[PDB]
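Student: Dropping the structure in here first, questions after.
Every residue, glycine among them, receives a Cβ derived from its backbone with ideal geometry; neighbour counts consider all protein chains shown. A short reminder: the numbers here are calculations on the coordinates, not readings from a lab.
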Number of protein chains: 2
Amino acid sequence: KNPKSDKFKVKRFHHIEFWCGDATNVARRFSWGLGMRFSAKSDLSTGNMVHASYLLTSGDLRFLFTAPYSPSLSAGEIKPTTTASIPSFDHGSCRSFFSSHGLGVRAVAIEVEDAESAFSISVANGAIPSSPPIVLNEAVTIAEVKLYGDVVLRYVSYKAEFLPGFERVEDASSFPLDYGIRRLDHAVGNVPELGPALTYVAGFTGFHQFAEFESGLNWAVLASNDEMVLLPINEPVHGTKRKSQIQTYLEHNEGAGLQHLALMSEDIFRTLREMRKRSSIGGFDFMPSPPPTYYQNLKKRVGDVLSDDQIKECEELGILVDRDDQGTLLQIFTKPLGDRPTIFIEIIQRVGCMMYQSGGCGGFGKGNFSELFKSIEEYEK
Amino acid sequence: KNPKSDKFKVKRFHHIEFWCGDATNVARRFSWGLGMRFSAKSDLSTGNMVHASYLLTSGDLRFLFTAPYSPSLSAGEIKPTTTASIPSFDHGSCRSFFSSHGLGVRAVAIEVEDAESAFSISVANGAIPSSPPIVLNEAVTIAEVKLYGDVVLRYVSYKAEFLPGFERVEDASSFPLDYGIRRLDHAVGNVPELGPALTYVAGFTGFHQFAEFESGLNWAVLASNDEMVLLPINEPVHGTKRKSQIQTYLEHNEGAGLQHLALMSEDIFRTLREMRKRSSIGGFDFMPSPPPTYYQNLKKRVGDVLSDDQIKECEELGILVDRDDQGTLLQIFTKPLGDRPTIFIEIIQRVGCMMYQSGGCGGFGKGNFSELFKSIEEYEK
Ligand SMILES: Cc1c(C(=O)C2=C(O)CCCC2=O)ccc2c1c(=O)n(Cc1cccc3ccccc13)c(=O)n2C
Ligand SMILES: Cc1c(C(=O)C2=C(O)CCCC2=O)ccc2c1c(=O)n(Cc1cccc3ccccc13)c(=O)n2C
Ligand SMILES: [Co+2]
Ligand SMILES: [Co+2]
């Protein structure tokens, strides 16, 4: 069931912005670890005396890394005279965010038809305003409302290159890395209480609950009209023998925030071979692979979708596989991206649901919780 | 002239500690950019609820990257019950340092015979105490005094693996990168006033001025008895046409601090080939190469030390060459290591002064200031 109840016209995920203490070092690590190219910058070299912001791209995926400079560099400026390319930026907010949460996502940005309208209708429908709509060089409009914790949902709309005041990056400094990652599939938040978080976000967006099919959590997924903007939300389940990883997140993050980003690959096998080659030379680590009983159970569940060869390749790379009633999901999880056991990345590929591929084809891996437990015990043999 | 006036027995540089907002991402970038192996860690996985610290090594060079966790993880602890492996660490100090300075060096650590004695004699001779001597697991003694700005000189002494409470890193996670870097040659500070900085540091160490042989700066080098611990210090020269890079440092750093680390390579050509291969894929960038007139002037100054082939190789890699009365210096400078135009790295190799090689053989590149200007104008032809 899809009521198509969006209160304003939503297009696609546009970008994700990390707030950092040093944007250079995070951006360079991510670039090499994920195979993303340096494509735009806004910093001292472009006249920005407020913040350093570096943009990585792979396909349609856009990762933005931003850190504050000394406030003294811009102490003479006022908002009407600011050199910041992102007018919502605030030194105090950024430093407070990073000292409270460590490295993580500040903004989940979606492109909309009209960012000013999205902002007003959102706020009219319960959204807590974060930064009012501002028109940049008469070309791009940017507005922000609170999403959860200190994460904002950022509306971006274009009259008609990333943002004004960003410069394309020199081709010498811009090496065309590509491991097959192509777009953001979903972005997932952890909160202490799922009900009120859902009521709030669905309340100001009109996003609807995405239909799906006892370990750790409860969740629900909010979706836009064409279900291409997908925002799952988790809450912890307390009292378990094994302490909820959602609760560990909340403790180490100092409250709610973004838990994982799921990046669609056009060839998850190429992506994982490439990322795994680089894990111990500056890239990203992956969670421990499932036991071979898990892959010794894959024939009976997806034997009609993947060959024996493609299954063995899943076993080599530690890939997980789930299926719903319309499609199949290949997925794998990184270890946390920084010091704290908080944010991590998921790589996914979806097969099925062809009409273009419909959003969320195969679900989000709900079945792999039960399957992982079962195969763990079967390998215990 | 070397009075050998050290007020306590100094051995060698031991390590350099960067204070970070996220230590994981800086450490992984540095590891790949410099070819340094992950060798020890102290973090949540080792029981440290206070700070995350990761150690990179290449030869005898030791780079330590440390960031604070949420204070809430250790709110129940007191100093007698701390889980920090570095007892001088303070959340408030670390966050204040990084927000004021951005990414940079907090500690220049030297190994001494007796860290408690070095501390007392230092403080008795004008050193401002930063952290008193503390004995770790009855095996290692650690003490800190102020050096300049918010940088400390850290004394480390061993009765008899890095520090207690650090764990050796798994060989899976520890890839044996090596681009030829072998030890720290010198560590250089920028201050507003050279005279008082020298009087202070030479005052509490007994370090002597290292003898050498109008662009930007004045400097002097402090040295230990065998001149293997080398601490140059710069001050800006004001009123120039070209604004002093020392003054730019002080403005963007919010005052005094460490300007560059000079890393000796056993094969600067291999090191620079390897680092330059990686500049645009997550490593380090290098300052703009000198004009070919500079290399077209190298025959007349070092033609007795480097072949024509070894000179052309200098031209390919952008290496600079200087000479004093006892030896020859090959050197090159990276662009800044992080967002701000503050700290950078120098790669060097020294040839001559064999007895072992004596410290500072060839100097620090004083002559390359005049030579660079001259060759710039000659290429202007
Ligand atoms: C993150 C995720 C998803 C996922 O994407 C996701 C959505 O998009 C929206 C719905 C809620 C949700 O969850 C699906 C399955 C997952 C994981 C995962 O993170 N984990 C890893 C793991 C969790 C705890 C403890 C662990 C201990 C060791 C190793 C892994 C651990 C899984 O096992 N499954 C099976
Ligand atoms: C950092 C250094 C040293 C050096 O090691 C050092 C010591 O150890 C102790 C003594 C003081 C000192 O200085 C020696 C020579 C150097 C540089 C250097 O940094 N630079 C780079 C540069 C400086 C300004 C403006 C620049 C603009 C563009 C490119 C480079 C620029 C040089 O040119 N020389 C020639
Ligand atoms: Co997911
Ligand atoms: Co130097």
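Student: Just to be sure before I move on: is B:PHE162 aromatic (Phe, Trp, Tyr), part of a helix (DSSP H, G or I) and crowded, with 16+ Cβ neighbours inside 10 Å in the structure I sent? Walk me through how you get there before you give the answer.
Tutor: Values: aromatic (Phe, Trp, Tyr): yes; part of a helix (DSSP H, G or I): no; crowded, with 16+ Cβ neighbours inside 10 Å: yes.
Taking the combined requirement at face value, the residue does not satisfy it.
Student: Inside region B:221-317, counting only helices (runs of 4 or more DSSP H) that do not spill past its ends, which hold 3 or more residues that are within 16 Å of ligand 2 (Cβ to nearest atom) and within 14 Å of chain A (Cβ to nearest Cβ)? Step through it out loud before you land on a result.
Tutor: Numbers: elements: B:245-253, B:268-277, B:292-295, B:299-302, B:308-317.
Passing ranges, in order: B:245-253.
Student: In region B:211-229, what residues are loosely packed, with under 14 Cβ neighbours inside 10 Å and among the hydrophobic types (A, V, I, L, M, F, W, C)?
Tutor: Correct list: B:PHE213 only.
Student: Continuing with this model, one more query. Determine which single condition B:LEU261 fails, assuming it passes every other condition in (1) on the phi > 0 side of the Ramachandran plot; (2) within 16 Å of ligand 4 (Cβ to nearest atom).
Tutor: (1)
Student: Can you spot a residue in region A:94-111 that is surrounded by fewer than 19 Cβ atoms within 10 Å (Cβ to Cβ) and assigned to a loop (DSSP other than H, G, I, E, B)?
Tutor: no
Student: Continuing with the same structure: Can you find, within region B:113-140, the residue that is surrounded by the most Cβ atoms within 10 Å (Cβ to Cβ) among those that are under 22 Å from the mean Cα position of the chain (by Cα) and among the polar types (S, T, N, Q)? So that I can check it myself, show each step before the final result.
Tutor: Going through region B:113-140, the residues under 22 Å from the mean Cα position of the chain (by Cα) turn out to be B:113, B:115, B:118-119, B:122, B:127-131.
Restricting the remaining residues to those that are among the polar types (S, T, N, Q) gives B:122, B:130-131.
Working: B:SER122: 25, B:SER130: 20, B:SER131: 19.
Once the filter is applied, the top-ranked residue is B:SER122.
Student: Six or more apart or on different chains, Cβ under 9 Å: which pairs go from a residue in region B:251-262 that's farther than 15 Å from B:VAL221 by Cα to one that's away from ligand 1 (no atom under 16 Å from the Cβ) and of a type in the set (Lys, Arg)? Could you list them?
Tutor: B:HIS252/B:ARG340; B:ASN253/B:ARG340
Student: Which one of these is more than 16 Å from ligand 3 (Cβ to nearest atom), among the polar types (S, T, N, Q) and surrounded by fewer than 19 Cβ atoms within 10 Å (Cβ to Cβ): B:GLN349, B:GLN357? Before you say what the answer is, go through the steps one by one.
Tutor: Working: B:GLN349 fails: surrounded by fewer than 19 Cβ atoms within 10 Å (Cβ to Cβ).
Just a single option satisfies the conditions, and that option is B:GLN357.
Student: Kindly indicate whether A:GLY92 is out of contact with any strand residue (DSSP E or B) (no Cβ under 8 Å at 6 or more places or on another chain) and within 11 Å of another protein chain (Cβ to nearest Cβ).
Tutor: Numbers: out of contact with any strand residue (DSSP E or B) (no Cβ under 8 Å at 6 or more places or on another chain): yes; within 11 Å of another protein chain (Cβ to nearest Cβ): yes.
Judged against the criteria, A:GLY92 is a match.
Student: Here's a check for you: in region A:67-88, which residue that is away from every other protein chain (no Cβ under 14 Å) and not hydroxyl-bearing (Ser, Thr, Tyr) is surrounded by the fewest Cβ atoms within 10 Å (Cβ to Cβ)? Write out each step before concluding.
Tutor: So in region A:67-88, the residues away from every other protein chain (no Cβ under 14 Å) come out as A:77-88.
With the extra rule that they be not hydroxyl-bearing (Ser, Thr, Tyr), the set shrinks to A:77-80, A:84, A:86-87.
Working: A:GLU77: 14, A:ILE78: 7, A:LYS79: 8, A:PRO80: 5, A:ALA84: 21, A:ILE86: 25, A:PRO87: 15.
For region A:67-88, the residue satisfying everything is A:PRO80.
Student: Let me ask something else about it. Go through B:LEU64, B:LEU34 for me and flag whichever is away from chain A (no Cβ under 11 Å) and under 22 Å from A:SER280 (Cα atoms). Outline the logic, then answer.
Tutor: Working: B:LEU34 fails: away from chain A (no Cβ under 11 Å).
The match here is B:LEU64.
Student: Something else now. Any idea which residue in region A:322-346 is nearest to B:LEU73 (Cα to Cα), counting only those that are out of contact with any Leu (no Cβ under 8 Å at 6 or more places or on another chain), within 16 Å of ligand 3 (Cβ to nearest atom) and assigned to a loop (DSSP other than H, G, I, E, B)?
Tutor: Within region A:322-346, the match that is nearest to B:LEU73 (Cα to Cα) is A:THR342.
Student: Can you find a residue that is under 17 Å from B:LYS7 (Cβ atoms), away from chain A (no Cβ under 14 Å), under 16 Å from the mean Cα position of the chain (by Cα) and within 16 Å of ligand 2 (Cβ to nearest atom) anywhere in region B:184-198? Step through it out loud before you land on a result.
Tutor: Of region B:184-198, the ones under 17 Å from B:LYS7 (Cβ atoms) are B:198.
If we keep only those that are away from chain A (no Cβ under 14 Å) as well, we get B:198.
Next, from what is left, pick out any that are under 16 Å from the mean Cα position of the chain (by Cα): none.
Scanning region B:184-198 turns up no residue that is under 17 Å from B:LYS7 (Cβ atoms), away from chain A (no Cβ under 14 Å), under 16 Å from the mean Cα position of the chain (by Cα) and within 16 Å of ligand 2 (Cβ to nearest atom).
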